[PDB]
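The form deposited in one PDB entry is given below as one chain in structure tokens.
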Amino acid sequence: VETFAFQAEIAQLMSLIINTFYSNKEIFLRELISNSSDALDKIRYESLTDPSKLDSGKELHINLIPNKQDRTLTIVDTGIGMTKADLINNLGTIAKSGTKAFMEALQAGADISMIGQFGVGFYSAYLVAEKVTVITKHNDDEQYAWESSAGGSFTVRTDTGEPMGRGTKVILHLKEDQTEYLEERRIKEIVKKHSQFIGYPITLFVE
């Protein structure tokens, strides 16, 4: 287990998301589905030049899995996945610039729903989640588990859990008052409204 401090800007963005009064919390789903779609595009683009990349899974899809018992919503995709380096770099200087621009825009009157336009849409997960876990598997590396309850730090460990071939899984440990995102009619309503034009199949699982 390795513990890391978030960069100053990201820690700042995260406490801003957790402490600002915002009712339109549903925007997290579109942001996560969007990131899933980008990873799926990346693996499909790599299979033109190298068809052997689809060996770890041929199917390109997105699964939405609510679990009322664990109070979790899981967003699984069979995209390109992330290596330990890709994972560390994505929480690094690449995000720093977008984070500062978005926080500057929020002062000027921009709302939290514009987060994706600055490439930091992942952090909207903290509008509904008290903890976020990210399990990822890339063809060129091992399976990794990333975790943060915010608080200025995150952990990275080699995942000992069930293998997933290739892709990324985002597990949102929902706040007690956010269990509406476990409901079928509510997830359907959000996906139909915010992510109706995704070039990949999205399956909402039942309980």
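If you superpose the two forms and keep the largest set of C-alpha atoms that fall within 1.5 Å, you have the rigid core. Residues carry their position along the shown sequence, with the first being 1.
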(request) Report the stretch with the higher mean CA temperature factor, choosing between 52-60 and 172-180 on the basis of the entry. (result) 52-60
(request) Compare the mean C-alpha B-factor of 93-101 with that of 70-78 as given in the PDB entry, and name the stretch with the higher value. (result) 93-101
(message) Sorting 46, 38, 147, 31 by Cα temperature factor from the record, which one lands on top?
(response) 46
(request) Tell me, lowest, middle or highest third: where does the Cα B factor of residue 128 rank within its chain? (result) lowest
(request) Grab the CA temperature factor for residue 119 from the record and place it in the lowest, middle or highest third of its chain. (result) middle
(request) Using the B-factor values recorded in the entry, state whether the Cα atom of residue 143 falls in the lowest, middle or highest third among the modelled residues of its chain. (result) middle
(message) Splitting the chain's C-alpha B-factors into thirds, which one does residue 106 fall into?
(response) highest
(message) Based on the deposited C-alpha B factors for this chain, I'd like to know if residue 198 is in the lowest, middle or highest third.
(response) highest
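If you look for the form deposited with a small molecule bound, you will not find it shown, but the lines that follow are about it.
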(request) Would you indicate which listed residue, out of 74, 113, 97, 90, moves its Cα by 2 Å or more between the shown form and the other one relative to the superposed core? (result) 90
(message) With a change of at least 3 Å, which way does the C-alpha separation between residue 92 and residue 169 go in the deposited complex: closer or farther?
(response) closer
(request) Answer with closer or farther for the CA-CA spacing of residue 122 and residue 93 in the deposited complex compared to the shown form; it moves by 3 Å or more. (result) closer
